[PDB]
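# Fold and geometry: a report
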Amino acid sequence: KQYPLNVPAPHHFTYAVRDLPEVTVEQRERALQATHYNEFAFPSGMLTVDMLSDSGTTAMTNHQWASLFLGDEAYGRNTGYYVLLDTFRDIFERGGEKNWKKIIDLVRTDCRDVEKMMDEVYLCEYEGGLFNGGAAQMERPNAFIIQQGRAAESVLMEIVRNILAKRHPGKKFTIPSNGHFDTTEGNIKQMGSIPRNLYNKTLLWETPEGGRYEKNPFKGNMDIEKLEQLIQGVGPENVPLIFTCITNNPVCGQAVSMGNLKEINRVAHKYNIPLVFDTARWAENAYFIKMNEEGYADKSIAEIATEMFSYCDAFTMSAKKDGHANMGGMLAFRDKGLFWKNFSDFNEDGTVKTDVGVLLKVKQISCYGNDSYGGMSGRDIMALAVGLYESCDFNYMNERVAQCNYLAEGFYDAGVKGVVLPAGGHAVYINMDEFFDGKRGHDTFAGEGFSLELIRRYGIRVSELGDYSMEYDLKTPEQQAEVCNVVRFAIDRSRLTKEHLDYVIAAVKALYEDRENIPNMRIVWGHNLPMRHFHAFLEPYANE
Amino acid sequence: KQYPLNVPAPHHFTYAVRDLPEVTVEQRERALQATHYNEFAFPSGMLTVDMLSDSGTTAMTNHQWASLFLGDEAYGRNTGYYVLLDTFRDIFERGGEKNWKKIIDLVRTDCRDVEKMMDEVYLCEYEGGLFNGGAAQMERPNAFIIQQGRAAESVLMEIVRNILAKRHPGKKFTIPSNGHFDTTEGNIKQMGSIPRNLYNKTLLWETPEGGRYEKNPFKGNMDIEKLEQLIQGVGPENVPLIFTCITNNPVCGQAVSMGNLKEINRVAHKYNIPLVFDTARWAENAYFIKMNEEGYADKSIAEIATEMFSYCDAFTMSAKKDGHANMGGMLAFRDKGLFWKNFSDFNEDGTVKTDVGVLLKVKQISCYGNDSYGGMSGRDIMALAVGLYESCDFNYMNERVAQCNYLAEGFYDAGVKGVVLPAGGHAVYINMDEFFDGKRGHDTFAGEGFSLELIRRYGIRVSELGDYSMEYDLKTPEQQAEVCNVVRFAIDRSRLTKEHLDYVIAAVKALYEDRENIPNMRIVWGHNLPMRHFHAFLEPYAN
Amino acid sequence: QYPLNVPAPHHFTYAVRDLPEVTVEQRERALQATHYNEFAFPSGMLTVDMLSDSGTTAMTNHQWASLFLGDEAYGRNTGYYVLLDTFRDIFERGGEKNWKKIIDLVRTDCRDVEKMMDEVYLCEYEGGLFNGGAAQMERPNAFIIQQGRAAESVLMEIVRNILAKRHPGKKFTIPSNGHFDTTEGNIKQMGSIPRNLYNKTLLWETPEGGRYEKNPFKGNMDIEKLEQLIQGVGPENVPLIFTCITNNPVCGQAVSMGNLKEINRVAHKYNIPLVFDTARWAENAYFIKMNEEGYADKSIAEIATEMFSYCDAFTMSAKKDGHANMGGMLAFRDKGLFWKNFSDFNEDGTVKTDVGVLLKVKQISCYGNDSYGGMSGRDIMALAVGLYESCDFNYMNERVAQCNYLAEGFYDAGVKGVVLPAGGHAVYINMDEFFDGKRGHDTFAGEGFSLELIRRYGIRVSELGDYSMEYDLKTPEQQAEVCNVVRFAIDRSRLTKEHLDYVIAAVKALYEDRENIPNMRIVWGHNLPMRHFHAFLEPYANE
Amino acid sequence: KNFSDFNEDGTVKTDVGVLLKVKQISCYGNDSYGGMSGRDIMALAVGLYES
Ligand SMILES: Cc1ncc(COP(=O)(O)O)c(/C=N/[C@@H](C[C@@]2(Cl)C(=O)Nc3ccccc32)C(=O)O)c1O
Ligand SMILES: Cc1ncc(COP(=O)(O)O)c(/C=N/[C@@H](C[C@@]2(Cl)C(=O)Nc3ccccc32)C(=O)O)c1O
Ligand SMILES: Cc1ncc(COP(=O)(O)O)c(/C=N/[C@@H](C[C@@]2(Cl)C(=O)Nc3ccccc32)C(=O)O)c1O
C-alpha cells in the first residue's frame with residue numbers, strides 16, 4: 001500500500017542543539033583584518049554558516065556519543081583497537097552486511113565472558129588481506145591506526161622516500177593520480193617527487209540540459225590514456241606508485257566508477273606498479289556507483305565498499321570524513337601484496353630481510369603513538385568504529401548527498417554561472433572564471449575575495465581551492481593546466497538543515513549580482529610557503 | 001552596515017542527530033490494531049514525525065548536556081536544589097537579565113570557595129516573594145519542586161480540597177479559568193468541583209484576511225465580563241480560586257495579553273479570591289506580548305516574565321514545556337500572600353496555627369520525594385535550570401514560534417479547511433467541524449479517525465483534543481459550549497527542522513483531499529473514565 | 001579542631017567500571033599468543049594495569065562536562081584559544097590570583113560577542129612561551145599536537161635539518177638529566193648522541209626506615225658532569241640541553257628549583273638553549289613545594305610559573321600531569337635564545353627564516369591544522385580543564401601519597417631493591433638488588449618479573465631496565481647511566497587503596513619466589529629502534 | 001480478586017488495575033514513563049542487571 005507525497009519522509013532528527021552567535025558585519029571586519037584575511041585564522045564562534053571543511057566537523061549520532069563511554073583508555077591494547085580493526089574488515093573485506101561480524105556489539109552488550117572475548121576479539125588471527133590480526137599483525141604489520149589522513153600519507157611518504165633514496169640516489173619520481181589534494185600533493189612535492197592529476201578537464205565543465213544530468217557521468221574518473229602516455233613517456237621505472245582518490249576531491253568531489261578502478265588496476269599491475277587509494281570519501285563514492293553505474297543498483301554500500309577496495313594494494317584514509325567522526329585515520333596495505341613485494345628488502349633465499357611494514361610501524365610508534373591507539377583517545381576510537389557503520393546506511397547517505405544536490409541546483413536555479421554539476425558527494429563547487437565572466441586574471445585572486453566577502457557580509461566561510469590555494473603560479477605548465485579554479489562550499493555531515501542551505505543560496509545570489517564589487521586579493525606574506533593557503537597573509541584591493 | 005537577505009539567518013544547528021526508522025504502512029496498520037487504536041499506546045519507535053505533545057520531548061542544548069554531569073545526586077540539599085530555586089528567582093522575580101545572580105555559574109565554573117558558596121548559595125535568606133530561601137523556606141515553605149505539572153496541580157488540589165471539606169462540608173465549589181486542560185479540569189472534576197472556561201469563542205474562529213493577523217489578537221484572554229457574571233451568579237463565597245493558563249493551552253494555545261492579566265488580578269482581588277496561574281508556556285506567552293502588545297516591544301522575555309508573575313498569588317508550572325527540558329515541575333505561592341491568608345488557620349491573637357505551606361510540603365514528601373529533589377534526579381535538576389535560562393533567549397523563541405507560524409500558514413496556503421489562526425506558541429490546531437464541512441457528528445469522532453489516518457499512512461502522530469478527548473458527551477451543556485473540537489499538531493522544542501514540517505503539510509493536504517475516506521471511530525471500552533483518551537479502546541467504521 | 005590519625009578523603013568515585021574475571025591459564029594462553037610482549041597483552045584481561053600513567057587518567061566530572069563544550073570547527077575552534085590561555089595562566093602568570101580563566105566564559109555560555117573578541121579571539125600576547133593573535137601568526141612559537149613524542153619529534157626534526165644544512169657530517173651531543181626511551185630513541189634516530197647526567201650513587205641510597213626526611217631531589221642533573229662534557233666535547237658541539245621534570249628515566253625522581261637555576265646558568269654560560277620536558281611538571285612542583293626551603297607557602301601554580309621561567313623552550317606530553325587522555329604541546333620563548341640560534345637572519349638584522357614557521361609547516365602538513373594539531377575539539381576542552389585540576393594541592397597530595405604508600409608497602413613487606421623515595425607517578429624496583437646479584441645483564445630477568453606479574457596476578461608493569469633501555473645496544477658510557485628497574489606506574493585518579501594492597505601482596509609473594517622467575521630471550525627484533533614496543537620474547541629457566 | 005468488583009455472571013465490573021492506572025496517569029505521569037525521563041528509564045534497566 002502506497003500513500004506517496006511530493007516531499008520525502010525525513011530520516012533523522014535533531015537529538016541535541018547548539019546556538020549560533022549574533023555578530024554584526026562590523027565585528028567581522030575587525031576579525032578579518034586582525035587575522036590577516038586568512039580564512040583559517042578567522043574565529044569559529046563569529047561565524048553563521050561554516051563551510052570551510054567537511055573534515056572532522058560531523059555531528060555524531062546519539063549512538064556515537066553513547067560509545068564514548070565504552071572507550072578504553074589503557075595504554076597497551078585498548079579494547080577499541082581490536083574493534084576498530086575488525087570494523088575495517090567488516091566494511092572493506094567481508095562484503096555485505098550479512099557477512100559482518102560486528103564485534104563492536106560485544107562491547108556494546110557489556111559481554112563478561114572472558115573466553116568468548118579472547119576467541120572472537122583479542123586473539124583472533126587474520127592474514128592475507130588489508131588488516132592482519134593477532135600474531136600476524138605482529139609478524140607482518142600492515143595496518144596502522146593514526147590520527148588522520150595527512151599523518152597516514154606522511155608516514156607512508158617518508159618510508160617510500162627513504163627506500164627510494166637508498167636504491168636510486170638523486171633520481172626523482174613521478175607519482176600520478178586522478179586528483180592529488182593539497183595535503184597529498186604538498187607532502188609529495190616536499191618528498192622530492194612530481195605529482196600529476198590525470199582526468200578529463202573537458203567533461204568537468206559541461207553542464208547538463210536543465211541543470212541535472214540524468215545519470216552521474218563520473219567526472220572524477222582517471223583518464224586511462226593520459227595515465228598510460230605518462231607511464232610510457234617518463235618510464236615505468238620512474239613511476240614508483242599510482243594513486244587514486246575516491247571520491248575526487250580536487251576535481252570538484254566528482255565520483256569515480258567501478259570500471260574506472262578496474263582499469264587503473266589493470267594498467268598499474270601491467271607495469272608492476274602498486275596502486276594506492278586515497279579513500280577519505282569512500283562511502284559517498286560507493287553511493288554514486290550504486291545510484292548510477294549499470295548493474296550496481298541492488299548492491300549495498302557495504303558491498304560496493306568491499307569491491308572498490310579489492311582493486312587497491314594499499315590505501316590511505318582520513319576517517320574524519322566518511323568515518324562520520326571528529327578524528328581518525330588509517331594506513332593499510334595488502335598482506336604480502338604488490339606494495340610489500342617492491343618496497344621490502346629480501347634475502348637471496350627469498351625470505352624477507354627488511355619488512356616495509358616494520359619500517360612503517362617504527363615511524364608510527366616513534367612519531368605518533370603506540371600502534372594500539374595511533375594518537376587517538378580511546379573514546380574517539382570507539383566513536384569512529386560506530387561512525388564507519390553509520391556511513392554504510394542507505395537512508396543516511398541518500399539524505400547526505402541530497403543536501404549537496406539541493407545547494408547546487410539552488411545555485412543554478414538562482415542564476416549563478418559556473419556551478420559545477422553534478423554536486424560532489426560532500427560539497428558544491430563554483431568555477432570562478434565563469435563566475436566573474438572572465439574579467440579577472442589568474443593572479444587577481446578574486447576567488448579569495450569572494451570567500452572573504454561571504455565571511456564579511458554573511459558570516460559564511462568557504463574554501464578557495466583554485467589558482468590561489470593550488471599554487472597555480474608556483475607550478476609547472478602541465479600542472480597549471482590541471483588546476484580547477486573553483487571555490488568550494490563543504491557540507492558538514494548531519495550538522496546543517498534546509499534553513500542553512502536556503503540562506504547560503506540567497507547570499508551567494510546576492511554576492512553574484514554584486515560581483516563587480518568583490519575585491520582582488522594580494523599575497524603580502526608567504527607566497528612561496530608549502531601549502532600556503534594555511535599560512536599566508538592577504539590584503540584586499542578593488543578591481544580596475 | 002547592513003547586507004539584507006530575503007531569507008533569515010539560522011540561529012542554531014544540529015549538535016547531534018538521531019535516525020528515524022524505516023516502516024511500512026502494513027506495519028503501522030498492524031501495530032494500530034495490536035494497540036486498540038489508542039494513539040498513546042502506539043510505539044514511538046515506529047513513528048516518522050511524532051507530534052503528540054511538546055511536553056518533555058525537547059532536544060536539549062549541548063550546554064544542558066554538560067550540566068547533567070554537574071548534577072548532585074545527594075539525598076539531602078543537593079547543590080541543584082539551590083540553583084534551581086534561585087533560577088526561578090532570576091527569571092520570575094528579578095526583572096531582566098541585568099539583575100540575574102546566575103549562581104548556576106558557580107557550579108559551572110567549579111567554584112571551590114566554601115565560604116563563598118555558603119554566603120551566595122546555601123545559606124541565603126529570601127522572603128516576601130514566590131521563592132523563600134534558607135530558614136524562611138523551612139518556617140514558611142512556599143515553593144515545591146516536583147517532577148511535573150500534573151503532580152504540582154494534584155498536591156495543590158488535594159490540600160485545597162481537604163481545607164474546603166473540613167471548613168464547608170458538602171459545598172460544591174466552582175473554579176473558573178480562561179481554559180482548563182484535560183489534566184487540570186479532570187483533576188478538578190475528580191475532586192467534585194465545577195470547572196468553567198471563560199473565553200471569547202467567537203473571536204477564536206475568526207479567520208483573518210489573507211490568513212495573517214497584522215497583530216496577534218490574544219484569543220486566549222479571559223472574558224472579564226463573563227468572569228464577573230459567574231462570580232456574581234454563583235456568589236463570591238462559591239469561588240474559592242481563580243485559575244489562568246498562559247498560554248491558553250485548551251483554547252488553541254492562544255496568547256494571553258498582560259492587560260488581561262492585570263484585569264483578572266483586579267476582579268479577583270476585589271473579592272479576596274487568590275489567583276493561580278498555570279504557567280507551563282510562560283516564555284511563548286512573554287514572546288507574544290513582546291511582539292504584539294503596545295509598549296513592550298523593547299522588553300526582554302525575562303522582564304516580561306517577571307511582570308506576568310507579579311499578577312498572581314500562586315502558580316503551577318510543568319517545566320517539561322517552556323523549561324527546554326525533559327522533566328520538571330513547580331508549585332509556588334507568594335510568601336504570606338492572599339493564598340496563604342485564606343487557606344491557613346490562625347490563632348486568636350493572629351499568629352499562624354496551621355500553615356498551608358506545611359500541609360503541601362507534607363504531601364510533597366510523603367507521595368513524591370524530599371523537597372530538595374521532589375522526584376527528580378540531580379542531573380535533571382541542573383539541566384532544567386540551564387533550560388529555563390535558554391527559554392528567555394529572544395532568537396531561540398523567535399525561531400520556535402516561527403516553526404508554528406510556518407506550519408499553520410502551510411496548512412492554510414494548501415487549502416485545508418479549519419486551520420485556527422494564529423498558530424499557538426507550541427502547536428497548530430485544526431477545527432474538525434470545518435475540516436469535514438459539517439458532514440460528521442459529535443459521536444462519529446471523525447477527529448480520531450483523522451489523527452489515526454496520519455499514523456497509518458504517514459507515520460505522523462497527533463492528538464485529537466476535541467469532542468472525544470475532551471469528553472464533550474460527558475459534560476454539562478454549559479461546558480459543551482466551551483468544548484473546542486480541534487486536532488493538535490504539537491512541535492517538540494528544537495527537535496524538528498523545515499524538512500519535517502514540509503512533510504507534514506504535504507500529508508495533511510493529501511488527507512484533506514481524501515476527507516470522505518477518513519473512517520469514524522467508536523469507543524468500545526472506556527468512555528466514562530477520568531481523562532479517558534489516555535486509556536480508552538477504539539475501533540474504526542466507514543462513514 | 002578534632003584531629004584523627006586517618007586523613008579525610010578529598011574525592012570520591014563519580015562513576016565505576018567493572019574489571020574482568022580471568023584465570024591464570026587464560027592469561028598464560030594470551031601471553032604465548034602475543035609473543036610475550038607486555039604491550040601486546042590485551043588490556044581487557046588485566047586486573048591492575050600499571051604499564052603507563054600516560055593518557056590512562058580517570059577524568060573529573062567537570063572534564064566530562066567539558067566534552068560537550070568542545071568545538072569541532074576546522075578553523076580556530078574556540079578550544080584553541082582557551083587551551084593557549086590556560087598555558088599562559090599556569091606557566092606564565094604566576095599564581096591563581098592572576099589567572100584569567102577564559103575557560104569560564106565558555107563554561108558560562110557567554111553570548112556577548114564583543115566581549116569574546118576582546119577577551120578571547122583577538123587578544124594579543126607576545127614576549128613569552130605562548131604568543132596570541134597576529135603575533136602567533138607572525139612569530140609562531142606555540143604548537144598544539146596530540147602527544148609528547150609528536151612534540152619532540154617535530155622539534156628534533158627541525159633541528160636536524162638546520163644542524164645539517166649548516167654543519168654537514170657533524171654528529172652532536174645532547175645532554176639531559178634523563179632522556180626517556182621516547183626522547184632517546186628519537187634523538188638517536190636523528191643521528192645525535194643522547195647522554196644522561198645524574199648521580200647514580202645517590203639514587204640507590206636508602207634512608208634508615210625507608211622514609212627520607214626531605215626529598216633528596218635525586219633526579220637533579222649533575223652540575224659537575226654537565227660542564228665536564230661541555231668542555232670535553234666542546235660548546236659548539238652541544239646544540240641543545242634537555243631537562244626532564246620529574247626525571248622519568250631516573251626513577252621519576254624530583255628535581256629542585258635550585259638545580260633548574262644552575263642548569264640555566266651553565267647553559268647560557270655557553271649560549272646553549274635550555275629545553276624542558278615537562279610531562280610531569282605538577283608533581284615536580286609539588287615535590288618542590290613540600291621539600292625545598294621557603295617554598296612551603298608557594299602553591300603549585302606559582303612554582304609552575306617559576307620553574308618555567310628557567311627554560312627557553314619546552315616539550316610536554318599533557319597526557320600525564322594534564323589529567324587527560326590525549327594532548328601535547330611544543331613551545332619556545334618569543335625572540336628568545338632558541339629562536340636566535342636556530343633562525344636565519346638578514347644582514348639588516350631582520351629574521352630571514354623563522355624557526356617558528358618551519359615548525360608550523362611540519363605541524364600543519366604531518367599532524368593537523370595548528371588550531372587543533374591532531375586533537376579533537378572535545379579533547380582540547382577537557383585537557384584545558386585537566387591542567388587546572390593538577391594545580392590543586394589536595395588532588396596532587398593524594399596522588400603522590402599513593403606512590404609513597406606503594407613503595408613503603410613494598411619496603412614494609414621485605415621486598416629488596418625498592419628505590420626511594422617514590423616518584424610522583426610510579427614506584428621503581430632495582431632488579432639487581434631484587435635478584436641479589438644472581439642474574440646477569442643478558443638474562444632479562446626483570447622482563448621475566450613483569451611477565452610473571454601478568455601471568456599469576458593480572459598485574460601489568462613495565463620493564464625500564466637493561467632490556468627496554470637497550471643496554472647491549474649502547475656505548476659503555478651510555479651503558480653506565482642505564483637504570484635496571486621495573487616500574488609500577490599509577491594511573492591518575494583511577495585506583496584506590498584496595499588496588500595497591502593487592503599489588504603489594506602480589507609482589508611480596510613473587511619476591512619470595514624470585515628463584516622461580518624465568519629469564520627472557522629475545523627471539524626477534526633485538527636491534528629495532530625502541531625495541532621494547534616491537535620485540536618477541538620466550539621464557540627460559542635460570543641456571 | 002479481593003480488590004476488584006465483580007459482576008453476577010463472573011466477569012470484572014471494576015478492575016483494581018484500572019483504578020491504579022487512573023491515579024498513576026492523573027497524578028504522576030503517563031504509564032509509558034511514570035514521571036521518569038526517558039534516559040533515567042534506560043539507565044535504570046541497565047542498573048538492575050548490574051545488581
Ligand atoms: C583527499 C584528501 N586527502 C587527504 C586529506 C588530509 O586528511 P586530514 O589529515 O586532514 O585528516 C584531505 C583533507 N581535506 C580537508 C581538510 C584540509 Cl586542511 C585539507 O586537508 N586540505 C584542505 C583544503 C581546504 C580547506 C581545508 C583543508 C578538506 O577536505 O577540507 C583530503 O581531502
Ligand atoms: C497547560 C498544562 N498544564 C499542566 C500540564 C501538566 O503537566 P505534566 O504533568 O504533563 O508535565 C500540562 C500537560 N501537558 C501535556 C501532556 C498531556 Cl497527558 C496532558 O496533560 N494534556 C495533553 C493533551 C494532549 C496530549 C498529551 C497531553 C501536553 O501538553 O501535551 C499542560 O498542557
Ligand atoms: C619524559 C617523557 N618524554 C616524552 C614522553 C612521550 O610522551 P607521549 O608521546 O607518549 O605522550 C614521555 C612519556 N612516556 C610514557 C609513554 C611510553 Cl611509550 C614511554 O615513553 N615509555 C613507556 C613505558 C611503558 C608504557 C608506555 C611508555 C610513559 O612512560 O608512561 C615522557 O615520560
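Looking at the method and resolution fields of the entry, one finds X-ray crystallography and 2.07 Å.

## Points about the overall build of chain B
Along the backbone of chain B there are 21 helices and 17 strands. Taken over C-alpha atoms, the radius of gyration comes to 23 Å for chain B, in line with the 24 Å a tight globule of 543 residues would show. Overall, chain B is about 70 × 60 × 50 Å in size when its C-alpha atoms are taken along their principal axes. Partitioning the intrachain contacts of chain B with sequence separation of at least 6 by distance along the chain shows that 73% fall at a separation of at least 24.

## Topic: the pattern of salt bridges
Inspection of the entire model under this criterion finds 98 salt bridges over all chains. Between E50(D) and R112(A) there is a salt bridge whose closest N-O contact spans 3.4 Å. Of this pair, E50(D) sits in helix α2 (residues 38-50) while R112(A) sits in the loop between α4 (104-108) and α5 (114-122), which puts the two residues in different chains. Classification of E50(D) as partly exposed rests on a relative accessible area of 48%. One salt bridge in this structure joins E452(C) and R455(C), with 2.9 Å as the shortest N-O distance.

## Quick look at the interface of chain C and chain A
In this assembly, 83 residues from chain C lie in contact with 85 residues from chain A. The biggest single contributor to the side of chain C that touches chain A is helix α15 (residues 355-366) of chain C, with six residues. Of the residues in the side of chain C that touches chain A, the class split is 39 nonpolar, 25 polar and 19 charged.

## Brief notes about the interface of chain C and chain B
Listed per partner, the contact involves 16 residues of chain C and 17 residues of chain B. Both faces considered, chain C and chain B share a buried interface measuring about 1,500 Å² in area, 52% of it formed by carbon and sulfur atoms. When the buried surface of chain C facing chain B is broken down by residue, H62(C), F68(C) and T108(C) rank first, second and third, together holding 37% of it. As a salt-bridge pair, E389(C) and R112(B) come within 3.4 Å of each other at their nearest N and O atoms. Across the chain C-chain B interface, the total number found is eleven residue pairs in polar contact. Contributions of two or more residues to the side of chain C that touches chain B are made by α2 (61-67) and α4 (103-107) of chain C. Top element by residues in the side of chain C that touches chain B is α2(C). It accounts for five residues.

## Considerations on the site of ligand 1
With respect to spatial proximity, 26 residues lie near ligand 1, and among them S53(A), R150(A), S318(A), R488(A) and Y74(C) are the closest. Around ligand 1, the neighbouring residues derive from chains A and C rather than from a single chain. In the model, an oxygen atom of ligand 1 is placed 2.8 Å from a nitrogen or oxygen of the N249(A) side chain. Note that an oxygen atom of ligand 1 is positioned 2.7 Å from one of the side-chain N or O atoms of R488(A). Protein contact buries 99% of the 610 Å² of open area that ligand 1 shows by itself.

## Quick word on the packing of helix α17 (residues 393-412) of chain C against helix α21 (residues 497-511) of chain C
Residue and element names in this part refer to chain C. At a minimum axis separation of 9 Å, α17 and α21 run at an interaxial angle of 25°. Compared by their axis directions, α17 and α21 come out roughly parallel. Both α17 and α21 take part in a crossing whose hand is right-handed. In this structure, α17 contributes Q402, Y405, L406, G409 and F410 to the contact, and α21 contributes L500, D501, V503, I504 and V507. Broken down by class, the residue content of the contact of α17 with α21 amounts to seven nonpolar, two polar and one charged.

## Let's talk about the site of ligand 2
All names here are of chain B. In the vicinity of ligand 2 there are 22 residues, among which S53, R150, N249, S318 and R488 approach most closely. One nitrogen or oxygen atom from the side chain of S53 is found 2.7 Å from an oxygen atom belonging to ligand 2. With respect to ligand 2, the side chain of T183 contributes an N or O atom lying 3.2 Å from an oxygen atom. Elements with a minimum of two residues in the shell around ligand 2: α7 (149-167), α8 (182-189) and β14 (463-465). The greatest single-element share of the shell around ligand 2, amounting to three residues, is contributed by α7. Among the residues forming the shell around ligand 2, the class breakdown is five nonpolar, eight polar and nine charged.

## A look at the sheet that holds strand β12 (residues 427-431) of chain B
Residue and element names in this part refer to chain B. The strand order across the open sheet formed by three strands is β12-β15-β14, and the pairing between neighbours is antiparallel. One side of each edge strand has no neighbouring strand; the edge strands of this open sheet are β12 and β14. Taking the axes of each pair of neighbouring strands and ignoring which way they run, one obtains an average angle of 30° across the sheet. As paired strands, β14 and strand β15 (residues 486-490) are joined by three bridges and run antiparallel to one another. Across the sheet, residue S463 finds its bridge partner in β15, namely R488.

## Structural notes on the packing of aromatic side chains
The way to describe two aromatic rings as a pair is by their centre distance and the angle between their planes. Residue and element names in this part refer to chain B. Following the criterion strictly, the structure yields 84 aromatic pairs over all chains and no others. Taking 5.4 Å as the distance between ring centres and 70° as the angle between the ring planes, the aromatic pair formed by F445 and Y468 counts as edge-to-face. A residue pair is termed long-range when its members are at least 10 positions apart, and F445 in the loop between α18 (432-435) and α19 (446-458) and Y468 in the loop between β14 and α20 (477-480) qualify at 23 residues. Side by side, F445 and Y468 carry an identical accessibility label, which is buried.

## Looking at a nonpolar patch on the surface
Taken together, the side chains of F3(D), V16(D) and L20(D) present a nonpolar region at the surface, about 340 Å² in accessible area. Within the element layout of this structure, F3(D) appears in the segment before β1 (5-6).

## Some remarks on a negative patch on the surface
Residue and element names in this part refer to chain B. Residues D113, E115, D119 and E120 make up a contiguous surface patch of negative charge. Considering the arrangement of structural elements, one finds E120 in helix α5 (residues 114-122). Under the relative-accessibility criterion, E120 is labelled partly exposed at 41%.

## A closer look at unusual backbone geometry
Note the cis peptide between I246(A) and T247(A), where omega equals -10°. Residue position: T247(A) is located in the loop between β6 (242-245) and α11 (258-270). Going from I245(C) to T246(C), the amide bond is cis rather than trans, its omega being -20°. By the secondary structure assignment, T246(C) is in the loop between β5 (241-244) and α11 (257-269). Phi at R77(B) is positive, roughly 50°, even though this residue is not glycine. Within the secondary structure, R77(B) is located in the loop between α2 (62-68) and α3 (79-93). In this structure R77(B) comes out as partly exposed when scored by relative accessible area, which is 30%. Positive phi outside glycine occurs at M530(C), with the angle close to 60°.

## Comments concerning the environment of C403(C)
Residues and elements named next belong to chain C. Secondary-structure assignment places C403 in helix α17. In this structure, the C-alpha to C-alpha distance between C403 and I490, residues 87 residues apart in sequence, is 7.4 Å. In contact with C403, not counting residues within four places along its chain, are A422, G423, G424, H425, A426, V427 and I490.

## Some remarks on helix α19 (residues 445-457) of chain C
Residue and element names in this part refer to chain C. Compared with an ideal rise of 1.5 Å per residue, which puts 13 residues at 18 Å, α19 spans 18 Å between its outermost C-alpha atoms and is within 8% of the ideal. Of all 13 residues making up α19, eleven are buried, and the element is well covered by its neighbours. The set of residues buried in α19 consists of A445, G446, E447, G448, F449, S450, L451, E452, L453, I454 and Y457. Positioned one or two residues after α19, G458 has a phi angle of 65°, which is positive.

Calculation rules
Residues numbered from 1 in each chain as written, not as in the entry; some residues may be left out. Chains lettered and ligands numbered in written order. Part of a larger assembly, values for the part shown. Heavy atoms only, no water. Residues with missing side-chain atoms left out of burial classes, pairs and counts. Helix = DSSP H or I, 4+ residues; strand = E, 2+ residues; numbered from the N terminus. Rg over C-alpha atoms; globule rule 2.2 N^0.38 Å. Contact = heavy atoms within 4.5 Å. Salt bridge = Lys/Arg side-chain N within 4 Å of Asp/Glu carboxyl O. Buried < 20%, exposed > 50% of the residue type's maximum accessible area, 1.4 Å probe, protein only. Nonpolar A, V, L, I, M, F, W, Y, C, P; charged D, E, K, R; others polar. Buried area = accessible area lost by both parts, 1.4 Å probe. Polar contact = N/O pair within 3.5 Å; in protein donor to acceptor, adjacent residues only side chain to side chain. Near = heavy atom within 4 Å. Areas by Shrake-Rupley, 256 points an atom, 1.4 Å probe, with all protein chains shown as cover. Axes fitted to C-alpha atoms, helices over the stretch in contact; angles between N-to-C directions. Parallel < 35°, antiparallel > 145°, perpendicular 65-115°, else oblique. Left-handed = near helix turned anticlockwise from the far one by under 90°. Pairing = 2+ DSSP bridges. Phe/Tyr/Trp six-rings, centres within 6.5 Å; stacked < 30°, edge-to-face > 60°. Patch = residues over 30% accessible without salt bridge, like charges linked within 9 Å, V, L, I, M, F, W, Y side chains within 5 Å. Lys, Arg positive; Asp, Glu negative; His and termini not counted. Charge placed at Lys NZ, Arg CZ, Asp CG, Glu CD. Expected span 1.5 Å × (residues − 1).

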